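# Topology and contacts: notes
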Amino acid sequence: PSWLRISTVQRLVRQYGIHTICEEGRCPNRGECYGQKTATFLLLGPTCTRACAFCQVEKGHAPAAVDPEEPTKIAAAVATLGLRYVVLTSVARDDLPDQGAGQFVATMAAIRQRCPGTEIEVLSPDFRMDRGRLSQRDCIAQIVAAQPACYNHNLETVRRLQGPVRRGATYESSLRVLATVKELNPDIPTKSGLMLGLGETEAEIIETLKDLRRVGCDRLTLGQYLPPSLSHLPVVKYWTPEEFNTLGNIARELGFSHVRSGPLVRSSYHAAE
Ligand SMILES: CSC[C@H]1O[C@@H](n2cnc3c(N)ncnc32)[C@H](O)[C@@H]1O
Ligand code: SF4
Ligand code: SF4
């Protein structure tokens, strides 16, 4: 498809022994982003045990050990890069009693102590593997209590494609994450993104936007699914820039703000707005 086509961050992240979901998945947007003094740090990895077929994070049989210095190392990187807006995400940690929620909270505290004024957005997993543990709701509540600038949780695809696309997450559980944020503190903006091109139809995309608005999702991103080289999950369709633009407008008309819609968009792209 024709329309689909420096190292100072790269140096520091490599130097502090930390990880960005960014400089891992070779994100077409860095430098626009880097240029804007943002980046997305990946906590609790670098490997994930879940099986999402679209995701380029290295898979592993065992969870990586939790680094108690990861929060402070991220804060140091933020301070040294002079980042103004930071996104924190993580791999799913179904093995941990709090499913990793504490690591977000610690990292946010470390950043605020060292870099006052830097705004922090969270892209969380679903925390749904709750059985006999701290509840999904309380994992979310721990993070919401730290007052992120935005709480992002991606629905990724429409209802029909949840199984093959995100074997291990669900439509309802991910909707619930977004609903829960607004129940706990309606003043925290919420965000969700979808990847297009996996076989979903425009009718289904609209239904999914309506479902997001029903749980009060303030912000939307739409981008194109790009299959990882050895992924068994095929791309079905390349959505055109015009199609993304008309969907972007539809989203705005349904009440989303900070809408970002385009082939190379990801939920962290231009998050600072
Ligand atoms: C912003 S970094 C994480 C998000 O980027 C998006 N993303 C991950 N992998 C891909 C991919 N192969 N193609 C398009 N978007 C992706 C997914 O929505 C994910 O939650
Ligand atoms: S859980 Fe999040 S990090 Fe792990 S595979 Fe799925 S998308 Fe990647
Ligand atoms: S889009 Fe998100 S993930 Fe890609 S570069 Fe910008 S911050 Fe990193």
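The protein chain is annotated in the PDB entry as Lipoyl synthase 2 of Thermosynechococcus elongatus. The UniProt entry for the protein chain carries the following text under Sequence similarities: "Belongs to the radical SAM superfamily. Lipoyl synthase family."

### Examining the overall build of the protein chain
Helix and strand counts for the protein chain come out as nine helices and seven strands. By principal-axis analysis of the C-alpha atoms, the protein chain measures approximately 45 × 45 × 40 Å.

### Section: the nonpolar core
In terms of nonpolar packing, the biggest core is built from 40 residues, with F41, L88, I111 and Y151 touching the most fellow members. Breaking this core down by element, the ones donating at least two residues are α1 (8-16), β1 (38-43), α3 (70-81), β2 (85-90), α4 (101-114), β3 (119-123), α5 (136-144) and α7 (171-184). Counting 30 residues, the second-largest nonpolar core is a separate cluster that includes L155, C217, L222 and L247.

### Details of the site of ligand 1
Around ligand 1, the neighbouring residues are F54, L123, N154, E156, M195, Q224, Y225, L226, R266, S267 and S268. Within the contact set of ligand 1, a nitrogen atom lies 3.1 Å away from a backbone nitrogen or oxygen of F54. Here an oxygen atom of ligand 1 sits 3.0 Å away from a polar atom, N or O, in the side chain of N154. Isolated, ligand 1 exposes 460 Å² of accessible area, and the fraction of that covered by the protein chains is 88%. For the shell around ligand 1, the per-class residue count stands at five nonpolar, four polar and two charged.

### Things to note about the pairing of β1
Across the six residues of β1, six count as buried, placing the element largely inside the fold. Judged by which residues are buried, β1 turns out to be covered on both faces: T38, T40 and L42 on one side and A39, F41 and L43 on the other are all buried. By the bridge criterion, six bridges tie β1 to β2 in an arrangement that is parallel. Bridged to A39 within β2 is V86. Remark: the β1/α3/β2 crossover connection has right-handed handedness.

### As for the UniProt feature "binding site: [4Fe-4S] cluster 2" in the protein chain
Mapped onto the present numbering, the UniProt feature "binding site: [4Fe-4S] cluster 2" falls on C48, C52 and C55. By secondary structure assignment, the location of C48 is in the loop between β1 and α3. Of the residues examined, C48 reaches a relative accessible area of 10% and is grouped as buried. The contact partners of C48, leaving out residues within four places of it in the chain, are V57, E58, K59, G60, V91 and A92. Positionally, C52 belongs in the loop between β1 and α3. Excluding anything up to four places from it in sequence, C52 contacts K59, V165 and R166.

### Here's the deal with helix α9 (residues 241-254)
Over its 14 residues, α9 runs 20 Å from end to end, which matches the ideal 20 Å to within 8%, given 1.5 Å per residue. Among all positions in α9, only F244, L247, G248 and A251 are buried. The arc enclosing the buried residues of α9, seen along the axis, measures out at 110°, which places them on a common side. Turned more than 90 degrees away from the buried face of α9 sit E242 and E253, all of them exposed. The elements touched by buried residues of α9 are β5 (190-196), α8 (202-214), β6 (219-224) and β7 (257-261). Looking one or two places after α9, you find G255, whose phi comes out positive at around 110°.

### Considerations on unusual backbone geometry
Cis geometry marks the peptide bond from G45 to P46; its omega dihedral reads 5°. Mapped onto the secondary structure, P46 falls in the loop between β1 and α3.

### Observations concerning the site of ligand 3
Around ligand 3, a shell composed of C22, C27, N29, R30, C33, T40, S268 and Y269 is seen. The residue makeup of the shell around ligand 3, split by class, is four nonpolar, three polar and one charged.

### Description of a nonpolar patch on the surface
A cluster of nonpolar side chains, contributed by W3, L226 and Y238, occupies part of the molecular surface with about 260 Å² of accessible area. Residue class for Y238 comes out partly exposed when judged on its relative accessible area of 32%.

### Some words on the sheet that holds β2
Spatial strand order, β1-β2-β3-β4-β5-β6-β7: seven strands in an open sheet with parallel pairing. Edge positions in the sheet fall to β1 and β7, since each has one partner strand and no second. The sheet shows a mean angle of 20° between the axes of neighbouring strands, direction not considered. Where β6 and β7 come together, three bridges link them in parallel fashion. The partner of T221 across the bridge, within β7, is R260. Packed onto the sheet, α7 meets β4 (150-152) and β5 and runs at close to 165° relative to β5. Sheet contacts for α9: β5, β6 and β7; angle to β7, the most-contacted strand, approximately 165°.

What counts and how
- Counting of residues begins from 1 for each chain and follows its sequence as written, which need not mirror the entry numbering; any residue without coordinates is not displayed.
- All chains are assigned letters beginning at A, and all ligands numbers beginning at 1, according to the order in which they are written.
- The side-chain numbers reported here are obtained from all heavy atoms of the structure, hydrogens and water having been left aside.
- Residues with missing side-chain atoms are left out of burial classes, side-chain pairs and their counts.
- UniProt positions are given in the numbering used here, feature names are shortened, and annotations may be inferred rather than shown by experiment.
- Helix and strand definitions here come from DSSP, where helices need a minimum of 4 consecutive H or I residues and strands a minimum of 2 consecutive E residues; each element is numbered from the N-terminal end.
- Throughout, nonpolar core names a set of buried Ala, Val, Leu, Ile, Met, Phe, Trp, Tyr and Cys residues whose side chains join them through atoms within 4.5 Å.
- Buried means the residue's accessible area, taken with a 1.4 Å probe over protein chains only, is under 20% of the maximum for its type, while exposed means over 50%, and partly exposed covers the values in between.
- We call a residue near a molecule or strand when any one of its heavy atoms sits within 4 Å of it.
- Within 3.5 Å is the distance limit for a polar contact, defined as a pair of N or O atoms, with the added protein rule that one can donate a hydrogen and the other accept it, and that residues adjacent in sequence qualify only through two side-chain atoms.
- Using a 1.4 Å probe, accessible areas were evaluated by the Shrake-Rupley method; residue-level cover was limited to the displayed protein chains.
- For this scheme, ten residues count as nonpolar: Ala, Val, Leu, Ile, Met, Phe, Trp, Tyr, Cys and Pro. Four count as charged, namely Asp, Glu, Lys and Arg, and the remainder, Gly too, count as polar.
- Paired strands are those between which DSSP finds at least two bridges.
- By the criterion used throughout, a crossover qualifies as right-handed when its path from the first strand across the helix to the second strand runs clockwise, the strands pointing away from the viewer.
- The contact criterion used is simple: two residues touch if any of their non-hydrogen atoms lie within 4.5 Å.
- One less than the residue count of a helix, multiplied by 1.5 Å, gives the span that helix is expected to have.
- Here the arc refers to the directions that run from the helix axis out to each C-beta atom.
- Within the patch definition used here, like charges are joined within 9 Å and nonpolar side chains (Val, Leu, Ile, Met, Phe, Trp, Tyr) within 5 Å, considering only residues with over 30% relative accessible area and no salt bridge.
- Just to be clear on terms, a salt bridge is a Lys or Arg side-chain nitrogen sitting within 4 Å of an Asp or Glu carboxyl oxygen.
- Each axis is a line fitted through C-alpha atoms, taken for helices only over the stretch in contact, and angles between the N-to-C directions span 0 to 180 degrees.

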